[PDB]
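Remarks on the structure that follows.
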Amino acid sequence: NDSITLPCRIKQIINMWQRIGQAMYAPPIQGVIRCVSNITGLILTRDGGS
Amino acid sequence: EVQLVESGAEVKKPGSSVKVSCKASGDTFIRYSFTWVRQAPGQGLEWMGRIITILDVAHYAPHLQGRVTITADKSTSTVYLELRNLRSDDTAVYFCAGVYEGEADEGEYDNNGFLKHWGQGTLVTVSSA
Amino acid sequence: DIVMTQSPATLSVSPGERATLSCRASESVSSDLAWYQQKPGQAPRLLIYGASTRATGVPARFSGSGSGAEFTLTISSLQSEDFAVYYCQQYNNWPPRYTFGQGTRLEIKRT
Ligand SMILES: *[C@@H]1O[C@H](CO)[C@@H](O[C@@H]2O[C@H](CO)[C@@H](O[C@@H]3O[C@H](CO[C@H]4O[C@H](CO)[C@@H](O)[C@H](O)[C@@H]4O)[C@@H](O)[C@H](O[C@H]4O[C@H](CO)[C@@H](O)[C@H](O)[C@@H]4O[C@H]4O[C@H](CO)[C@@H](O)[C@H](O)[C@@H]4O)[C@@H]3O)[C@H](O)[C@H]2NC(C)=O)[C@H](O)[C@H]1NC(C)=O
Ligand SMILES: CNCc1ccc2c(c1)C[C@H](CNC(=N)N)[C@H]2NC(=O)C(=O)Nc1ccc(Cl)c(F)c1
Ligand SMILES: *[C@@H]1O[C@H](CO)[C@@H](O)[C@H](O)[C@H]1NC(C)=O
């Protein structure tokens, strides 16, 4: 029952999703950061072919 | 690292406006911040203000605010300072400084404040003669 | 207005000896301070950043520490080319309003 891993970075200059813009924020916090979820759906896209 | 060459020293008549340059060379240009600091002969250091390239935004000093203007240009890899209403009380030596920041182009950035590399420091004489 | 002051107004000490300097703040500046030495007429040099660590490519005989409003730098054993004026500088506040210290003159303790 092995798992999968993914290389998650933390950014600081992002393109806002509310508008057409760009934002900055402070560097990350000092300490341990955890986060638990469970994907329940997703978004795909076809590919024009024959 | 990078190297910061400057322009040639200058003399300006009072009540004028001065422009001064500083060129950097040695590495990818955006990934470094920049700052301008000056010193009168044998005195402390006068923090003038700084600029962030990747966003191209500059911050200025409170009691200097109004007659200052920093600017940059990613094409030619240079930095310009301009100062307005020249007054003889500002003859001094000037320095352009920088510091690495991180993978800006990929959205990483840490906004350091201190000053790693340094230039020589041009000299500006504002006076009657 | 946040203001720092160097101390003493002048330190003097002979070779083989240690120098001690203390920078003074007006509020709590958590870990934002830096130390540069300037030989007269020369481009200054970065010694301590983060107020707790040493630069790269620099002799290990320097070290500082401190917090709150009191900071310090000490060098245990002077050498022949450590004769320069020394400045402390903070970069804490945002929006950025940075400021520089006074600077203290350092020459040998010798008659
Ligand atoms: C999908 O839904 C889930 C369910 O909520 C959600 O997961 C939750 O995510 C958040 C953030 O990722 C988690 O919240 C953190 O939880 C830790 C754990 O706290 C323990 O102790 C508290 C004490 O009261 C208990 O109540 C609690 O039950 C836990 O046992 C908190 O400690 C975190 O607070 C810290 O982080 C904040 C970030 O700013 C700080 O501001 C805050 O002050 C705390 O900081 C302190 O610790 C820091 C650690 O470095 C330190 O640096 C600071 O200086 C300070 O000392 C935070 O509340 C939450 O636990 C998750 N729930 C789970 C896993 O069940 C997902 O996020 C959501 N999906 C998405 C995409 O968001
Ligand atoms: C065919 N593609 C259509 C398409 C493509 C790209 C984008 C849109 C539409 C909308 C938006 C454009 N407007 C803008 N960028 N201001 C842009 N999306 C975003 O910027 C965006 O999701 N940011 C974002 C940041 C942080 C988090 Cl946590 C996050 F969950 C999301
Ligand atoms: C997915 O995780 C959330 C948060 O822990 C939890 O409330 C939810 O019950 C989980 N999935 C389901 C549908 O059980």
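In the structure tokens, each chain is lettered A, B, ... as it comes, each chain's residues begin at 1, and ligands are numbered from 1 in order of appearance.
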
Could you please extract the residues within 12 Å of ligand 3, counting only C-alpha atoms and all ligand atoms, and hand them back as an MDAnalysis selection string? chainID A and resid 35:41

If you run DSSP on the backbone, which residues of chain B are strand (DSSP E), as a PyMOL selection string? chain B and resi 3-6+10-12+18-25+32-39+46-52+57-60+68-73+78-83+92-100+117-118+122-126

Selection export as an mmCIF file, in the first residue's frame, atoms kept: C-alpha atoms:
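Printed below is result-v2.cif as written:
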```cif
data_model
loop_
_atom_site.group_PDB
_atom_site.id
_atom_site.type_symbol
_atom_site.label_atom_id
_atom_site.label_comp_id
_atom_site.auth_asym_id
_atom_site.auth_seq_id
_atom_site.Cartn_x
_atom_site.Cartn_y
_atom_site.Cartn_z
ATOM 1 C CA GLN B 3 29.316 43.859 -10.551
ATOM 2 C CA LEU B 4 27.965 47.401 -10.349
ATOM 3 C CA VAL B 5 29.857 49.937 -12.426
ATOM 4 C CA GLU B 6 28.801 53.554 -12.065
ATOM 5 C CA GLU B 10 29.559 65.433 -11.921
ATOM 6 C CA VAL B 11 29.133 69.092 -11.013
ATOM 7 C CA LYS B 12 25.736 70.783 -11.138
ATOM 8 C CA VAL B 18 20.375 65.816 -11.638
ATOM 9 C CA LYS B 19 20.331 62.380 -13.183
ATOM 10 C CA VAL B 20 22.852 59.655 -12.393
ATOM 11 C CA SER B 21 23.287 56.092 -13.594
ATOM 12 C CA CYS B 22 24.552 52.723 -12.456
ATOM 13 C CA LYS B 23 25.029 49.622 -14.591
ATOM 14 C CA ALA B 24 25.020 46.028 -13.368
ATOM 15 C CA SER B 25 26.539 43.045 -15.131
ATOM 16 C CA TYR B 32 18.253 41.254 -7.741
ATOM 17 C CA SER B 33 16.752 44.170 -5.882
ATOM 18 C CA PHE B 34 18.418 47.572 -5.812
ATOM 19 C CA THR B 35 18.977 50.489 -3.463
ATOM 20 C CA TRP B 36 20.603 53.903 -3.592
ATOM 21 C CA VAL B 37 22.505 55.293 -0.616
ATOM 22 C CA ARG B 38 24.636 58.396 -0.286
ATOM 23 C CA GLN B 39 27.145 59.896 2.113
ATOM 24 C CA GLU B 46 21.777 58.436 4.023
ATOM 25 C CA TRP B 47 19.417 55.658 2.968
ATOM 26 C CA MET B 48 17.652 57.121 -0.046
ATOM 27 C CA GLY B 49 15.356 54.366 -1.280
ATOM 28 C CA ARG B 50 15.013 51.036 -2.994
ATOM 29 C CA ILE B 51 13.409 49.386 -5.994
ATOM 30 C CA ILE B 52 12.128 45.935 -6.901
ATOM 31 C CA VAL B 57 8.165 49.396 -7.974
ATOM 32 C CA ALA B 58 10.278 51.812 -5.959
ATOM 33 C CA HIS B 59 9.982 53.178 -2.435
ATOM 34 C CA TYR B 60 11.401 56.495 -1.338
ATOM 35 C CA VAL B 68 13.405 61.825 -5.971
ATOM 36 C CA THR B 69 12.824 59.283 -8.722
ATOM 37 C CA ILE B 70 14.373 55.862 -9.144
ATOM 38 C CA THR B 71 13.866 53.848 -12.304
ATOM 39 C CA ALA B 72 15.183 50.816 -14.131
ATOM 40 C CA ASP B 73 15.189 49.123 -17.526
ATOM 41 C CA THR B 78 20.876 49.625 -15.823
ATOM 42 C CA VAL B 79 19.383 51.754 -13.057
ATOM 43 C CA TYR B 80 18.817 55.498 -13.052
ATOM 44 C CA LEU B 81 18.356 57.898 -10.179
ATOM 45 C CA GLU B 82 17.037 61.409 -10.597
ATOM 46 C CA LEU B 83 16.761 64.121 -7.989
ATOM 47 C CA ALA B 92 28.060 63.948 -1.665
ATOM 48 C CA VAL B 93 29.137 60.514 -2.875
ATOM 49 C CA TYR B 94 26.464 58.085 -4.071
ATOM 50 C CA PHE B 95 26.265 54.304 -4.305
ATOM 51 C CA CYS B 96 24.062 51.744 -6.027
ATOM 52 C CA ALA B 97 23.734 48.470 -4.139
ATOM 53 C CA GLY B 98 21.847 45.240 -4.593
ATOM 54 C CA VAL B 99 21.038 41.818 -3.204
ATOM 55 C CA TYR B 100 19.896 38.475 -4.582
ATOM 56 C CA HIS B 117 27.252 43.835 -3.374
ATOM 57 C CA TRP B 118 28.364 47.434 -3.645
ATOM 58 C CA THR B 122 30.052 58.496 -7.909
ATOM 59 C CA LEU B 123 30.504 62.022 -6.623
ATOM 60 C CA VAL B 124 28.133 64.936 -7.149
ATOM 61 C CA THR B 125 29.087 68.533 -6.413
ATOM 62 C CA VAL B 126 26.148 70.926 -6.187
#
```

Using only C-alpha atoms, which chain C residues lie at most 8 Å away from chain B, written as an mmCIF file with N, CA, C and O atoms, in the first residue's frame?
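For reference, out-v6.cif as written:
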```
data_model
loop_
_atom_site.group_PDB
_atom_site.id
_atom_site.type_symbol
_atom_site.label_atom_id
_atom_site.label_comp_id
_atom_site.auth_asym_id
_atom_site.auth_seq_id
_atom_site.Cartn_x
_atom_site.Cartn_y
_atom_site.Cartn_z
ATOM 1 N N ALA C 34 22.162 44.884 10.586
ATOM 2 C CA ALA C 34 23.294 44.559 9.745
ATOM 3 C C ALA C 34 24.464 45.455 10.110
ATOM 4 O O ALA C 34 24.277 46.585 10.569
ATOM 5 N N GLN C 42 36.200 53.850 0.648
ATOM 6 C CA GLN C 42 36.074 52.560 -0.009
ATOM 7 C C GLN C 42 34.643 52.052 0.080
ATOM 8 O O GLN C 42 33.851 52.491 0.918
ATOM 9 N N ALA C 43 34.329 51.119 -0.806
ATOM 10 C CA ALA C 43 33.013 50.504 -0.809
ATOM 11 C C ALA C 43 32.836 49.679 0.456
ATOM 12 O O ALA C 43 33.670 48.816 0.743
ATOM 13 N N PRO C 44 31.785 49.903 1.224
ATOM 14 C CA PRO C 44 31.612 49.165 2.478
ATOM 15 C C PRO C 44 31.461 47.673 2.258
ATOM 16 O O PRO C 44 31.524 47.198 1.123
ATOM 17 N N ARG C 45 31.292 46.916 3.331
ATOM 18 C CA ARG C 45 31.307 45.470 3.217
ATOM 19 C C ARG C 45 30.318 44.872 4.199
ATOM 20 O O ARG C 45 30.155 45.377 5.309
ATOM 21 N N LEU C 46 29.667 43.792 3.785
ATOM 22 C CA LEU C 46 28.645 43.165 4.610
ATOM 23 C C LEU C 46 29.290 42.164 5.550
ATOM 24 O O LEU C 46 29.982 41.245 5.108
ATOM 25 N N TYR C 49 24.300 39.811 8.725
ATOM 26 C CA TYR C 49 22.933 40.049 8.303
ATOM 27 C C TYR C 49 22.006 39.130 9.073
ATOM 28 O O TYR C 49 22.435 38.152 9.683
ATOM 29 N N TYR C 91 16.280 47.139 9.048
ATOM 30 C CA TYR C 91 15.407 47.099 7.884
ATOM 31 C C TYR C 91 14.052 46.502 8.229
ATOM 32 O O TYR C 91 13.416 45.853 7.395
ATOM 33 N N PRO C 96 8.552 50.093 3.626
ATOM 34 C CA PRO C 96 9.974 50.261 3.921
ATOM 35 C C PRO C 96 10.334 51.693 4.257
ATOM 36 O O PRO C 96 10.136 52.599 3.446
ATOM 37 N N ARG C 97 10.832 51.908 5.473
ATOM 38 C CA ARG C 97 11.476 53.159 5.868
ATOM 39 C C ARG C 97 12.754 52.762 6.585
ATOM 40 O O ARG C 97 12.784 52.629 7.806
ATOM 41 N N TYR C 98 13.810 52.575 5.815
ATOM 42 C CA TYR C 98 15.068 52.114 6.367
ATOM 43 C C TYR C 98 15.884 53.297 6.864
ATOM 44 O O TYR C 98 15.691 54.437 6.443
ATOM 45 N N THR C 99 16.805 53.012 7.778
ATOM 46 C CA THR C 99 17.599 54.065 8.383
ATOM 47 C C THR C 99 18.971 53.524 8.732
ATOM 48 O O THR C 99 19.142 52.324 8.952
ATOM 49 N N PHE C 100 19.942 54.423 8.779
ATOM 50 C CA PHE C 100 21.321 54.080 9.078
ATOM 51 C C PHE C 100 21.753 54.662 10.413
ATOM 52 O O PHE C 100 21.182 55.634 10.912
ATOM 53 N N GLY C 101 22.786 54.055 10.985
ATOM 54 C CA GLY C 101 23.316 54.484 12.259
ATOM 55 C C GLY C 101 24.338 55.594 12.114
ATOM 56 O O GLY C 101 24.573 56.144 11.037
ATOM 57 N N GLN C 102 24.968 55.918 13.240
ATOM 58 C CA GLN C 102 25.919 57.021 13.259
ATOM 59 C C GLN C 102 27.241 56.612 12.630
ATOM 60 O O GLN C 102 27.679 57.200 11.638
ATOM 61 N N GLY C 103 27.882 55.610 13.199
ATOM 62 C CA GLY C 103 29.204 55.172 12.802
ATOM 63 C C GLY C 103 30.184 55.548 13.895
ATOM 64 O O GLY C 103 30.157 56.667 14.421
#
```

Residues of chain B within 8 Å of chain A: nearest atom pair and distance (Å, one decimal) for each, counting only C-alpha atoms, sorted by chain and number, as a Markdown table?
```
| residue | atom | partner | partner_atom | distance |
| --- | --- | --- | --- | --- |
| B:104 | CA | A:13 | CA | 7.9 |
| B:107 | CA | A:13 | CA | 4.6 |
| B:108 | CA | A:11 | CA | 5.0 |
| B:109 | CA | A:12 | CA | 5.8 |
| B:110 | CA | A:27 | CA | 5.3 |
| B:111 | CA | A:26 | CA | 7.7 |
```

Can you write out the residues you just picked, keeping N, CA, C and O atoms, as a PDB file, in the first residue's frame?
```pdb
ATOM      1  N   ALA B 104      12.644  34.861  -8.824  1.00  0.00           N
ATOM      2  CA  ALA B 104      11.545  35.773  -9.096  1.00  0.00           C
ATOM      3  C   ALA B 104      10.680  35.245 -10.227  1.00  0.00           C
ATOM      4  O   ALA B 104       9.485  34.991 -10.047  1.00  0.00           O
ATOM      5  N   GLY B 107       7.953  33.062  -9.419  1.00  0.00           N
ATOM      6  CA  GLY B 107       7.050  33.395  -8.341  1.00  0.00           C
ATOM      7  C   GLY B 107       7.570  33.104  -6.958  1.00  0.00           C
ATOM      8  O   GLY B 107       6.771  32.937  -6.033  1.00  0.00           O
ATOM      9  N   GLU B 108       8.881  33.031  -6.781  1.00  0.00           N
ATOM     10  CA  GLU B 108       9.484  32.936  -5.465  1.00  0.00           C
ATOM     11  C   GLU B 108      10.197  34.237  -5.162  1.00  0.00           C
ATOM     12  O   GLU B 108      10.828  34.824  -6.043  1.00  0.00           O
ATOM     13  N   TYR B 109      10.106  34.679  -3.914  1.00  0.00           N
ATOM     14  CA  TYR B 109      10.623  35.988  -3.560  1.00  0.00           C
ATOM     15  C   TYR B 109      10.580  36.129  -2.054  1.00  0.00           C
ATOM     16  O   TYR B 109       9.650  35.638  -1.416  1.00  0.00           O
ATOM     17  N   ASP B 110      11.579  36.801  -1.488  1.00  0.00           N
ATOM     18  CA  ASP B 110      11.712  36.881  -0.044  1.00  0.00           C
ATOM     19  C   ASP B 110      11.888  38.287   0.490  1.00  0.00           C
ATOM     20  O   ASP B 110      11.718  38.490   1.694  1.00  0.00           O
ATOM     21  N   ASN B 111      12.232  39.253  -0.355  1.00  0.00           N
ATOM     22  CA  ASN B 111      12.256  40.659   0.029  1.00  0.00           C
ATOM     23  C   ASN B 111      13.236  40.900   1.181  1.00  0.00           C
ATOM     24  O   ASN B 111      12.868  41.256   2.298  1.00  0.00           O
TER      25      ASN B 111
END
```

Got a sec to check which residues lie within 7 Å of ligand 2, using only C-alpha atoms and all ligand atoms, and send them as number ranges by chain? A: 14-21

I need the chosen residues saved as a PDB file, in the first residue's frame, with C-alpha atoms.
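Contents of out-v3.pdb, as written:
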```pdb
ATOM      1  CA  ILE A  14       0.783  35.100  -7.837  1.00  0.00           C
ATOM      2  CA  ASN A  15      -1.720  36.122 -10.474  1.00  0.00           C
ATOM      3  CA  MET A  16      -4.907  37.088  -8.666  1.00  0.00           C
ATOM      4  CA  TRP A  17      -7.944  35.008  -9.488  1.00  0.00           C
ATOM      5  CA  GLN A  18     -10.337  37.859  -8.772  1.00  0.00           C
ATOM      6  CA  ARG A  19      -9.179  40.231 -11.483  1.00  0.00           C
ATOM      7  CA  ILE A  20      -6.339  40.813 -13.895  1.00  0.00           C
ATOM      8  CA  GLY A  21      -3.486  41.747 -11.587  1.00  0.00           C
TER       9      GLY A  21
END
```

Pick from A:1, A:7, A:45, A:32 nearest to ligand 1, counting only C-alpha atoms and all ligand atoms: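 Among the listed residues, A:32 lies closest to ligand 1.
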
Could you name the residues that touch segment 66-80 of chain C at 12 Å or less, counting only C-alpha atoms, but leaving out those on the same chain fewer than 4 positions away, as a JSON list (two decimals) with C-alpha atoms, in the first residue's frame?
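Resulting contents of result_13.json:
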```json
[["chain", "number", "residue", "atom", "x", "y", "z"],
["C", 2, "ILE", "CA", 12.65, 54.54, 15.14],
["C", 3, "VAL", "CA", 16.23, 55.65, 15.80],
["C", 4, "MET", "CA", 19.39, 53.69, 16.54],
["C", 5, "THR", "CA", 22.52, 54.92, 18.30],
["C", 6, "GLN", "CA", 25.95, 53.35, 18.19],
["C", 7, "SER", "CA", 27.99, 52.88, 21.34],
["C", 8, "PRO", "CA", 30.51, 53.93, 22.27],
["C", 11, "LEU", "CA", 36.28, 52.38, 20.62],
["C", 12, "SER", "CA", 40.04, 51.89, 20.63],
["C", 13, "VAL", "CA", 41.91, 48.65, 21.22],
["C", 14, "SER", "CA", 45.36, 47.17, 20.45],
["C", 15, "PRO", "CA", 46.21, 44.03, 18.46],
["C", 16, "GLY", "CA", 45.60, 40.60, 19.89],
["C", 17, "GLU", "CA", 42.56, 42.06, 21.64],
["C", 18, "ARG", "CA", 38.78, 42.10, 21.29],
["C", 19, "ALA", "CA", 36.48, 44.95, 20.26],
["C", 20, "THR", "CA", 32.88, 45.32, 21.42],
["C", 21, "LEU", "CA", 30.17, 47.57, 19.96],
["C", 22, "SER", "CA", 26.49, 48.00, 20.81],
["C", 23, "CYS", "CA", 23.67, 49.41, 18.68],
["C", 24, "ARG", "CA", 20.58, 50.85, 20.36],
["C", 25, "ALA", "CA", 17.01, 50.93, 19.07],
["C", 26, "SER", "CA", 13.82, 52.73, 20.08],
["C", 27, "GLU", "CA", 11.30, 49.87, 19.74],
["C", 28, "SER", "CA", 11.46, 46.11, 19.32],
["C", 29, "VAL", "CA", 13.19, 45.31, 16.03],
["C", 30, "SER", "CA", 13.01, 41.56, 16.01],
["C", 31, "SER", "CA", 15.93, 40.30, 13.95],
["C", 32, "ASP", "CA", 16.59, 43.02, 11.37],
["C", 33, "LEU", "CA", 20.08, 44.48, 11.70],
["C", 34, "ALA", "CA", 23.29, 44.56, 9.74],
["C", 35, "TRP", "CA", 26.91, 45.60, 10.25],
["C", 36, "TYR", "CA", 29.24, 47.12, 7.68],
["C", 37, "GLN", "CA", 32.82, 48.31, 8.00],
["C", 47, "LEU", "CA", 29.60, 41.44, 7.85],
["C", 48, "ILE", "CA", 26.44, 40.39, 9.71],
["C", 49, "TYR", "CA", 22.93, 40.05, 8.30],
["C", 50, "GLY", "CA", 19.78, 38.79, 9.92],
["C", 51, "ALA", "CA", 21.37, 40.20, 13.09],
["C", 52, "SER", "CA", 22.49, 36.65, 13.87],
["C", 53, "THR", "CA", 24.77, 35.25, 11.17],
["C", 54, "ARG", "CA", 27.96, 35.88, 9.28],
["C", 59, "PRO", "CA", 36.97, 35.97, 8.47],
["C", 60, "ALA", "CA", 35.34, 34.10, 11.33],
["C", 61, "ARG", "CA", 36.75, 36.35, 14.06],
["C", 62, "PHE", "CA", 33.60, 38.52, 14.04],
["C", 84, "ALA", "CA", 37.58, 51.09, 9.65],
["C", 86, "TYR", "CA", 31.55, 50.54, 11.66],
["C", 87, "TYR", "CA", 27.83, 51.02, 11.07],
["C", 88, "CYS", "CA", 24.67, 49.22, 12.17],
["C", 89, "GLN", "CA", 21.47, 49.39, 10.15],
["C", 90, "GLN", "CA", 17.91, 48.11, 10.54],
["C", 106, "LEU", "CA", 38.09, 52.49, 15.59],
["C", 107, "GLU", "CA", 41.86, 52.94, 15.91],
["C", 108, "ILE", "CA", 44.45, 51.06, 17.95],
["C", 109, "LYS", "CA", 44.73, 51.57, 21.68]]
```

From the set C:38, C:110, C:104, C:94, which residue has the shortest atom-to-atom contact distance to chain A, counting only C-alpha atoms?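 Of all the options, C:94 lies closest to chain A.
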